[PDB]
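Undergrad: Supplied in structure tokens, the structure appears directly below.
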Amino acid sequence: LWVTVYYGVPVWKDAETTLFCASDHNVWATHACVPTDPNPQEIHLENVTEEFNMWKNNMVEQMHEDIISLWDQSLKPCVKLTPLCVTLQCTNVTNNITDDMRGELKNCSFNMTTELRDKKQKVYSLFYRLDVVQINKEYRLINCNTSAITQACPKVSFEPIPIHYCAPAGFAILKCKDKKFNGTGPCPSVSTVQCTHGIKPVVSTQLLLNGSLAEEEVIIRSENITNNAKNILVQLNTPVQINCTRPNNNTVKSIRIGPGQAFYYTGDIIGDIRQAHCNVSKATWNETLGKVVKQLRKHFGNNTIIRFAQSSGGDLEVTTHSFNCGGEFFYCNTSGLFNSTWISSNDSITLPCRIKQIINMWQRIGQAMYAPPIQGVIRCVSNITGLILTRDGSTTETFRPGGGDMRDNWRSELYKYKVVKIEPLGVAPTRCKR
Amino acid sequence: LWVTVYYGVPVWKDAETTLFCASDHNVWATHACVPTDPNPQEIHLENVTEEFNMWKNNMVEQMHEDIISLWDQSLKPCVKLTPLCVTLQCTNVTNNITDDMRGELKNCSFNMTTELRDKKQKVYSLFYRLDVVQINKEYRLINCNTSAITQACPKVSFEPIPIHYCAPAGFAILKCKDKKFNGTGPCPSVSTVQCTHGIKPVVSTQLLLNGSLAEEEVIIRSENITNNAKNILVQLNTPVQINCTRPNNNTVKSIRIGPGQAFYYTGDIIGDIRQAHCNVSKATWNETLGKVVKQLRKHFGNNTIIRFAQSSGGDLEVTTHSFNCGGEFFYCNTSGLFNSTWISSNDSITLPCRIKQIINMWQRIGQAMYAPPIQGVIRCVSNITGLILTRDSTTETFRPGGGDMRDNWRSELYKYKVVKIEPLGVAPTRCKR
Amino acid sequence: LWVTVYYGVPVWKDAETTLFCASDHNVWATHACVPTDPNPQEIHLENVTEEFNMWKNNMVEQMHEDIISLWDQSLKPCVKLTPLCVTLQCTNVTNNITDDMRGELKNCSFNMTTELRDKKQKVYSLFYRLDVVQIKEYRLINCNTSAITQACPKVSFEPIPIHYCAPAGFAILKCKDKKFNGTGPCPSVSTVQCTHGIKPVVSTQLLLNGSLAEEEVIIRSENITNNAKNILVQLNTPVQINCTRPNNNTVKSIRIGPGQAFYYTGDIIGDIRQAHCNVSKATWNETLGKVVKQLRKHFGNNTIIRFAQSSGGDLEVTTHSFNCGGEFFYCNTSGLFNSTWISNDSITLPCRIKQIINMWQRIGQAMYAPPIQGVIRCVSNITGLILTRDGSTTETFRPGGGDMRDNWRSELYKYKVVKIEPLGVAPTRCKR
Amino acid sequence: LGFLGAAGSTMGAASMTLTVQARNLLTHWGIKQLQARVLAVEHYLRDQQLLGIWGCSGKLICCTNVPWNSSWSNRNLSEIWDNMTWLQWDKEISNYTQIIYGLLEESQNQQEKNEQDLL
Amino acid sequence: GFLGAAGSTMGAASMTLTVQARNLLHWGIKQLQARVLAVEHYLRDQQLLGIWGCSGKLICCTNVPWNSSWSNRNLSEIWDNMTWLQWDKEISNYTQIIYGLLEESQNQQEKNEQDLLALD
Amino acid sequence: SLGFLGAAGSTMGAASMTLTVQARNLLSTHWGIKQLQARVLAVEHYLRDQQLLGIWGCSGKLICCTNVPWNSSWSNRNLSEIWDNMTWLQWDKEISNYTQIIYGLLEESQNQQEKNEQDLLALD
Ligand SMILES: *[C@@H]1O[C@H](CO)[C@@H](O[C@@H]2O[C@H](CO)[C@@H](O)[C@H](O)[C@H]2NC(C)=O)[C@H](O)[C@H]1NC(C)=O
Ligand SMILES: *[C@@H]1O[C@H](CO)[C@@H](O[C@@H]2O[C@H](CO)[C@@H](O)[C@H](O)[C@H]2NC(C)=O)[C@H](O)[C@H]1NC(C)=O
Ligand SMILES: *[C@@H]1O[C@H](CO)[C@@H](O[C@@H]2O[C@H](CO)[C@@H](O)[C@H](O)[C@H]2NC(C)=O)[C@H](O)[C@H]1NC(C)=O
Ligand SMILES: *[C@@H]1O[C@H](CO)[C@@H](O[C@@H]2O[C@H](CO)[C@@H](O)[C@H](O)[C@H]2NC(C)=O)[C@H](O)[C@H]1NC(C)=O
Ligand SMILES: *[C@@H]1O[C@H](CO)[C@@H](O[C@@H]2O[C@H](CO)[C@@H](O)[C@H](O)[C@H]2NC(C)=O)[C@H](O)[C@H]1NC(C)=O
Ligand SMILES: *[C@@H]1O[C@H](CO)[C@@H](O[C@@H]2O[C@H](CO)[C@@H](O)[C@H](O)[C@H]2NC(C)=O)[C@H](O)[C@H]1NC(C)=O
Ligand SMILES: *[C@@H]1O[C@H](CO)[C@@H](O[C@@H]2O[C@H](CO)[C@@H](O)[C@H](O)[C@H]2NC(C)=O)[C@H](O)[C@H]1NC(C)=O
Ligand SMILES: *[C@@H]1O[C@H](CO)[C@@H](O[C@@H]2O[C@H](CO)[C@@H](O)[C@H](O)[C@H]2NC(C)=O)[C@H](O)[C@H]1NC(C)=O
Ligand SMILES: *[C@@H]1O[C@H](CO)[C@@H](O[C@@H]2O[C@H](CO)[C@@H](O)[C@H](O)[C@H]2NC(C)=O)[C@H](O)[C@H]1NC(C)=O
Ligand SMILES: *[C@@H]1O[C@H](CO)[C@@H](O)[C@H](O)[C@H]1NC(C)=O
Ligand SMILES: *[C@@H]1O[C@H](CO)[C@@H](O)[C@H](O)[C@H]1NC(C)=O
Ligand SMILES: *[C@@H]1O[C@H](CO)[C@@H](O)[C@H](O)[C@H]1NC(C)=O
Ligand SMILES: *[C@@H]1O[C@H](CO)[C@@H](O)[C@H](O)[C@H]1NC(C)=O
Ligand SMILES: *[C@@H]1O[C@H](CO)[C@@H](O)[C@H](O)[C@H]1NC(C)=O
Ligand SMILES: *[C@@H]1O[C@H](CO)[C@@H](O)[C@H](O)[C@H]1NC(C)=O
Ligand SMILES: *[C@@H]1O[C@H](CO)[C@@H](O)[C@H](O)[C@H]1NC(C)=O
Ligand SMILES: *[C@@H]1O[C@H](CO)[C@@H](O)[C@H](O)[C@H]1NC(C)=O
Ligand SMILES: *[C@@H]1O[C@H](CO)[C@@H](O)[C@H](O)[C@H]1NC(C)=O
């Protein structure tokens, strides 16, 4: 026989390239992305079993890195709190207390700058305790010896907007459509697209909010289920309704710092002072865990006994539910969610929750952002679509909430995608000659 | 009969793309527009009529954005003036005023820091009253509550440099030379050129200075002449000479405020303190205006009473002729030019001018520029090439003034549009594979 | 005959193109350059003589610009030291006089704010005379010019070989001619896609840590009969230089702001010692004799060649300077140019330490180099010299003031950039 | 003569000027020039790729097996090549050029299939 | 569905080659990298096919014989029961070898044609 | 075998056997932006060469014959000398000032050839 060649042959190879965004005032520069395809197509790939590995997926790495970069571009172009890093003369706010708020709200006076540099303003404001540290009466902001704090830019929205991603021509995105696919391995039912479904950049920990749901049943995905150093990703089939609040009618105040710039300070509270909290339906939560436990039993290989215990790291970013409600940051105590063992009305547990105003995204060093206060009362709702849980090192195993890497929120939603390049050229033996 | 393919077909479509900047330092930095011009000539297209809706040519938006980009990039590296927002102690300059600038200038004293943090210096300087606002002799500069302030670099002249704009590969610029054509419709005399002629980035209000002159006759252009709210653009065929000066001989002084960072300011005036002003020839202006009116009769009836008047309102940047003369900004009151009715010589018209040092160009906020002072005296001779005017019954009232810089750019960009080359097409013939 | 067009024709046009960076934590951000091919093809060409003019080599300009940009990028994200431009009270450190301390090291104290705008601290630190001027009242020299920025403590200054690559469609020609003076035609050539790595070694007067001449010393100049040109002399042998700053520096650090700190020398462990460099005298004298033998090949062997010091100019012009470990050293060269050549052997060169750095022969920038904790030891090779010729029957040569572009020009003398033009035409016997 | 010298002339006259017309194809502000260059390439390649698909690449003109439809337009050749310009023609066919392009792809596909049966 | 052919049923898929080729060709920088990459790959492959004497031609035969070292397969299932994918997985590193041969053959073929026309 | 530019020094005739190596090697942190531009330039140079081959009707070939005769006014040399003594570097220099003449002639010839083919095809 003879050798002949072909172009446009339907074969491919794994490849890693960049992703192109598509999106449809905000903090993701969504208006800087191409409009999405309102009528995209996907094809069933006939008679192909391919392999996916969500823990080796560069798409995850890229979306994670891109949000970090994007965040800074969105936050960078506005006023700093540098002149605000002064000694604070503080007392407690004891005026309208439920006694659960003791020491939580502080009243401090200080001397800050104004439009004319020779003049100073003696002003006062309110603080939430978590962001203020005693110097010894005399207090300073916690980040005064660590980082510059940028005031968040005032006309922004942090409510996640799903971003769709497209392969460059010559590349394609393979999706796993095989129900109950647990990662790392063969997926017999896949489809191919040029552009995929958008994913919301939800940033939270120990509860995954407003993501995808399992088609039928709770599924556990873990790089190594017996590795005591690993977490597990829990994808729920049933969303859990959660209701969070800041039950205070807030005022806001704005005082000039410099030449056309002002700081937004905390003002005061109308009505009394109350603790933030979150509610879930009780049976729904109990049934949810029964399903999780059933899946863990599958991994154990029997109807073994397990415990759900409390997180213990010395860090709010590790042990609490980290959540952005509107523009304010919740650090909720989740202890009422994981306080049981499993052996083979729906009044909520009203998780108490703390509010922090100055935050440090991604736990990096030398950066900080101040969240301006919001006037009025804040209420928000969400769907818990998954969990990030971990395990301890006997016969009974203990599972706990955990995972400090926001990259895994990306990983969870991206568990079903892989990128390949198309290889249109090939050769074959043939009866044909030139 | 079969549909065959032809490639390299001489056809085109309207398209949005940007234009290469070629210039042949300054704010319109040379290194920003390295390309020069070999001066290739264009090609006349016989039997081509092209509809130019000039009012919609987006390249004007591009010019607006490019000039501001160059402006800001050039000011970014200059010394900042933040330390100047202090309480000032100010009194009037009264001792050498020639019965005009009556408290026009202030004599201010203030506590400025110096190069070392531990040392302070007392500074005495003059300010135009237009830049200083009373706090309650306690004053502050007008920008201290709204914007940043930067000192312009002394090495930048800001003399407008004519930039031609050139199409990208796959694109071409259609230039129509049809005479006495308003520029919005099916213009019958078009040539294709890769590049436009060069247009100087002249910044002005009220009048259009140093632009292209109309061929043959004064022409009035507008998008919708009927709507008085639309600005009326007038292009003269004959320029009007205007002589603008600042008679005051100025002392320029400087201090060092920061680490190697100098500041320049106005010292005492050496000679008499005389008010700045501009002159035009009296007859020339009167003849010119009558010619404009003659053109109004092409839109208005023969017996329409045409009344010219000074602007009825707006801030100084709106009501006066605002322009850059030698680096300083003049605000000339044109009330002596627009005060007549047109229903049926060794002299001159003088307009008084005000001067400002804190400049807020492009009607933006949060940013401002400080013009360092000019040593000695200022003299500029410019050409009035046009007028931008609005309109307000047997009468019509015409009052001078325009909008932002897009009006200026738009008129100079006339006669051009940008299209994409579309070389592929089909047609029937006798050839079958 | 008929016109025939060929594609894939092996022909050249000289070209001026951009360069691509390739490599294999530091001030050059080398991690940002794609890794190289460890074994690039080198194609030897036969029957080609090509003119290589190093004085017209625009790759030098590109290295200059990229190195500067990298330098600035390194410093752009580092902490500013603006708050140090305060007045200081200073006296001499006279604790241990060994006669090296000829007023050079001073004990200064000043008032500076930190962390909160409400508080100040007194800072006690040591300075070198070179950077401090009198207003017991003194100010830092850098407060003359723009604000001073502290270099980042974890970014290294050790030169890393960088490979410059032609873009596709272009190639880099190199010649192998021995004794090639960088300006004439050179008959032995080859093609590479990328140059060998060239370290961005920065120095003046002496050319350090470069390549060596093959067999014989090479003297390269644009106009050899001029006295307004630098002469670059490549040695065919290295000479070893041992440099030390034999004072155990205790480095202190204070907060100055919101996660910001200043690093400075506080205490000195041991007596005060002068920094210095040691070069073998015997080795050096033979090396110089070789250079002299080569100078005579251009000027005649009926003359006298004298060596002297340069005269006039600032520290950066009159002394030898280099960076090692992030510290900037300035060394006297009296022992190197004190001879006349007519037809444990060691030279010790005294050295000093500067804190305020202003390189690239620029102004309007300033950098502060924080000190090394303990004692720095440094070893370097002299691979070439920068000579200046003077303007009857005998002549004198002096060390040149330097131009950083000369260091690169010297290493690049061997290379040229060429554009490959695959189309061409020739007459044939074939017609269609 | 010259670039677009035949614009405004008849289709016939312009059919021999396809050469010069084809010959004219192909510091953050600086991104604009990079983008312009890239776009010129993108447009060029789209045309070359399409001609490639139809089997017309490499030539100024190409013949097909697709018949002309009177339902698209019905103008005589004595009117089309002699009394019509390409600018006007292009406007007349704007309603159906894309139909034609699809038809051309189909015809080339049949030809390649036929070639494959012999090969 | 430009990749509707999964690599399966390659025989029938040889007529979808046209179709597959139809879609050939801080966010601002990413888009530039993405689009130039599509261009680079397109040109890379078009260049390579062109050097083998085929251009715009989806399927072409040449004067290079097939070697047993490349395939000792049945030759009886390649279209109907062999996936282009599985075959490619079993390329056995002859990609460069074959390509070099294709260039050599064409080089000589072009020369031969030139010489025949020169003879005219 | 030879490396990519190993053809240098060979005669023009000998060099005709290296056309494949020369042709197959065509197209072979913001301070790195120049790398994007460099790749773009490589593409532009490539496409310009391809267009020229296209307009002359020599696309997809390393060598292409014509219907345009050679003018001795461009170069008058023995055929044997041209192919055996001369190399391509030397040769190109001898005809540098006639390059555009030749290119114009080649394109016009192709323009006429294609029209003639269309008429013949239309006839039968
Ligand atoms: C202000 O609030 C702080 C807590 O934020 C009070 O300090 C603690 O008070 C509780 C009782 O409520 C004690 O059990 C803790 O031991 C106290 N802490 C320490 C370190 O001693 C503080 O007493 C309040 N001060 C005023 C004036 O109300
Ligand atoms: C523009 O149109 C005029 C006619 O309106 C063209 O002049 C005619 O050109 C043809 C072609 O050479 C001659 O046969 C006619 O005799 C000319 N005039 C007439 C109408 O008799 C002119 O050539 C056109 N120019 C172009 C090329 O656009
Ligand atoms: C600076 O001069 C102005 C102008 O003469 C003074 O303001 C005027 O004061 C008179 C009374 O003497 C009033 O009748 C005018 O109406 C005022 N003019 C305006 C525009 O308000 C001003 O007080 C002088 N200031 C100083 C510091 O000497
Ligand atoms: C500019 O000139 C165009 C003609 O080229 C004028 O457009 C016509 O205006 C009349 C109304 O007077 C309409 O009935 C026509 O249909 C318009 N024709 C076209 C081709 O647009 C236009 O009005 C003039 N503009 C001004 C401000 O006078
Ligand atoms: C320019 O000069 C005119 C006078 O020619 C000023 O007109 C004033 O208009 C108001 C009504 O708004 C009258 O009450 C005043 O009496 C008029 N002034 C005079 C002197 O007659 C006009 O305000 C001046 N404009 C600017 C910007 O200076
Ligand atoms: C403004 O006044 C100063 C004097 O205060 C003028 O300075 C003169 O400059 C000339 C050279 O141009 C010298 O010869 C004179 O000696 C200087 N002094 C005097 C008193 O003339 C300055 O030229 C004046 N500027 C203008 C524009 O007239
Ligand atoms: C500090 O060091 C300086 C520099 O060595 C000393 O200044 C010298 O003092 C002698 C007199 O003792 C003079 O003859 C020199 O001319 C001075 N040199 C310079 C450069 O000024 C200074 O005296 C020393 N001070 C103390 C207290 O030891
Ligand atoms: C470096 O070598 C070249 C090559 O010899 C010199 O260039 C010329 O060489 C010829 C002889 O080969 C002499 O006749 C010329 O006078 C030389 N000069 C020039 C400008 O062509 C070149 O001069 C040498 N340069 C050095 C630094 O010695
Ligand atoms: C470079 O020149 C040499 C001559 O010195 C050429 O070598 C000859 O090549 C032919 C084949 O073409 C042999 O038959 C001769 O025997 C060789 N001569 C010698 C002395 O060995 C060489 O081919 C030329 N070009 C290249 C690229 O090598
Ligand atoms: C596999 O290919 C056959 C065609 O022979 C098709 O009928 C079948 O559905 C394919 N399997 C899938 C869809 O994976
Ligand atoms: C809240 O403030 C009101 C007065 O405005 C007071 O009557 C009420 O008791 C306060 N509530 C608490 C919890 O102290
Ligand atoms: C503000 O400054 C005054 C001195 O002018 C001082 O007495 C007062 O304590 C300062 N205020 C605060 C809150 O520190
Ligand atoms: C200004 O003062 C000078 C004397 O210094 C005097 O000759 C001149 O007339 C004065 N001018 C005015 C307007 O007062
Ligand atoms: C400068 O500051 C002092 C107080 O230290 C004050 O008395 C004086 O009036 C100020 N001077 C000026 C011109 O502002
Ligand atoms: C030098 O330093 C040592 C360190 O202890 C000390 O013992 C000695 O006396 C000092 N000598 C001088 C020169 O003062
Ligand atoms: C600090 O400031 C005080 C002000 O009274 C001054 O006396 C002292 O000398 C200064 N100290 C230093 C080290 O600059
Ligand atoms: C495989 O090869 C054998 C001969 O060794 C032959 O009999 C058989 O039919 C072949 N398989 C197919 C599918 O033709
Ligand atoms: C090109 O013209 C120059 C004169 O400008 C002449 O010296 C050179 O030899 C000419 N080259 C050719 C190939 O004719």
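If you read the protein sequences in the order shown, they are chains C, D, A, F, E and B. What the first sequence shows, in the authors' numbering, is residues 34 to 57, 66 to 141, 150 to 185, 189 to 309, 312 to 323, 323A, 324 to 397, 410 to 458, 463 to 503, in sequence order. What the second sequence shows, in the authors' numbering, is residues 34 to 57, 66 to 141, 150 to 185, 189 to 309, 312 to 323, 323A, 324 to 397, 410 to 457, 463 to 503, in sequence order. What the third sequence shows, in the authors' numbering, is residues 34 to 57, 66 to 141, 150 to 184, 189 to 309, 312 to 323, 323A, 324 to 397, 411 to 458, 463 to 503, in sequence order. What the fourth sequence shows, in the authors' numbering, is residues 520 to 545, 569 to 661, in sequence order. What the fifth sequence shows, in the authors' numbering, is residues 521 to 545, 570 to 664, in sequence order. What the sixth sequence shows, in the authors' numbering, is residues 519 to 546, 569 to 664, in sequence order. Ideal placement from N, C-alpha and C gives every residue a C-beta, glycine not left out.
Comparing the C-beta of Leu34(D) with each C-beta of chain F, is any distance below 8 Å?
TA: Yes, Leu34(D) counts as interfacial toward chain F.
Undergrad: Is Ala200(C) near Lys121(C), with beta carbons less than 8 Å apart?
TA: Cβ distance < 8 Å, so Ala200(C) and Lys121(C) count as in contact.
Undergrad: So what does DSSP say about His216(A), is it helix, strand or coil?
TA: Strand, per DSSP.
Undergrad: If you measure from the CB of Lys171(A), is any heavy atom of ligand 16 nearer than 7 Å?
TA: Yes, ligand 16 has a heavy atom inside 7 Å of this Cβ.
Undergrad: Provide the residue(s) that pair with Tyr191(C) in DSSP beta bridges, ordered along the chain.
TA: Answer is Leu129(C) and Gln183(C), bridged to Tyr191(C).
Undergrad: Given this structure, state the Cα-to-Cα distance separating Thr236(A) from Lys485(A), to the nearest angstrom.
TA: Near 10 Å, if we compare the C-alpha coordinates of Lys485(A) and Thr236(A).
Undergrad: For chain D, find out if any of its Cβ atoms is closer than 8 Å to the Cβ of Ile641(F); answer yes or no.
TA: Not an interface residue.
Undergrad: Can you name, in chain order, every residue of its own chain whose Cβ lies under 7 Å from the Cβ of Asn67(C), other than the five neighbours on each side?
TA: So the list reads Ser209 and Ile213, once near-sequence residues are dropped.
Undergrad: Quick check for students: name the residue ranges of the beta strand (DSSP E) that lie wholly in the stretch 150-180 of chain A, counting only runs of 3 or more.
TA: List check, beta strand (DSSP E) in window: 154-163 and 165-177.
Undergrad: Can you list every residue whose CB sits closer than 6 Å to some heavy atom of ligand 1, going in chain order?
TA: Those satisfying the condition are, in chain order, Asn133(C), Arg151(C) and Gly152(C).
Undergrad: In whole angstroms, give me the CA-to-CA distance for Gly597(B) and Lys601(F).
TA: For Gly597(B) and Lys601(F), the distance between alpha carbons rounds to 7 Å.
Undergrad: Strictly by DSSP, which residues pair up with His374(A)?
TA: DSSP, once it has assigned bridges, lists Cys385(A) as partnering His374(A).
Undergrad: Buried or exposed: where does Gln82(C) fall if 16 or more other Cβ atoms within 10 Å of its Cβ makes it buried?
TA: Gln82(C) comes out exposed.
Undergrad: Can you tell me which residues form a DSSP beta bridge with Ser413(D)?
TA: Answer by DSSP bridge pairing, in chain order: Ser334(D).
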